[PDB]
Amino acid sequence: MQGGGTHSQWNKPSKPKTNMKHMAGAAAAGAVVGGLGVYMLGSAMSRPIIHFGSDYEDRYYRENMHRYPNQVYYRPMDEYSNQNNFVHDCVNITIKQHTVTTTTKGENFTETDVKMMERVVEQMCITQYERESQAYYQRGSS
């Protein structure tokens, strides 16, 4: 049951730019690398409400939060480094996926969105890793 009628043509004004940075360098790149790990979920958390600083921002953080209301994508521990590094990986990734779902869908994404999608996920994940560790402390402990 696709939209009534057939396919049409809808596209908002868009024009590339003249910048082009460097090619990640130019040395021994025998086959670039990607990344070991994929998006996986476990437990979730209630939808939070971050008071950024204005209504606009709140409306954005809400319309996007709905994209990450309960779960966010992250990868098992099997690793330990800076404290903010863990969440960064978590959120920054869950973000790629979201910025990827909204950027492709039909919406824009500027400092406002990234700031919101990230703010929310960053903290949300904190709650996620907090729920994991907690279950750990209750587990056989160590």
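First residue shown is number 1, and so on along the chain.
For this deposited structure, the header notes the method as solution NMR.
Every residue, even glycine, has its Cβ placed from backbone N, Cα and C.
Cβ neighbour count for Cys90 (disulfide bond) (all protein chains, 10 Å cutoff from its Cβ): 21. The disulfide bond annotation in Swiss-Prot covers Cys90-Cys125, and the record cites experimental evidence as its basis.
If you draw a 10 Å sphere around the CB of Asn92 (N-linked glycosylation site), it holds 14 other CB atoms from the protein chains shown. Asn92 (N-linked glycosylation site) falls within a helical segment according to DSSP. Feature annotation from Swiss-Prot assigns N-linked glycosylation site to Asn92 (among others).
Following the DSSP three-state reduction, the secondary structure of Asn108 (N-linked glycosylation site) is coil. The N-linked glycosylation site annotation in Swiss-Prot covers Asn108 (among others).
Cβ environment of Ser141 (GPI-anchor amidated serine): no same-chain residue six or more positions apart lies under 8 Å away. Residues or ranges marked as GPI-anchor amidated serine by Swiss-Prot on the basis of similarity to another entry: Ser141.
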Including all protein chains shown, what's the count of other C-beta atoms within 10 A of the C-beta of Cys125 (disulfide bond)?
24
Take the C-alpha atoms of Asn92 (N-linked glycosylation site) and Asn108 (N-linked glycosylation site) and report the distance between them in angstrom, rounded.
18
Neighbour tally for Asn108 (N-linked glycosylation site), based on other Cβ positions within 10 Å of its Cβ:
9
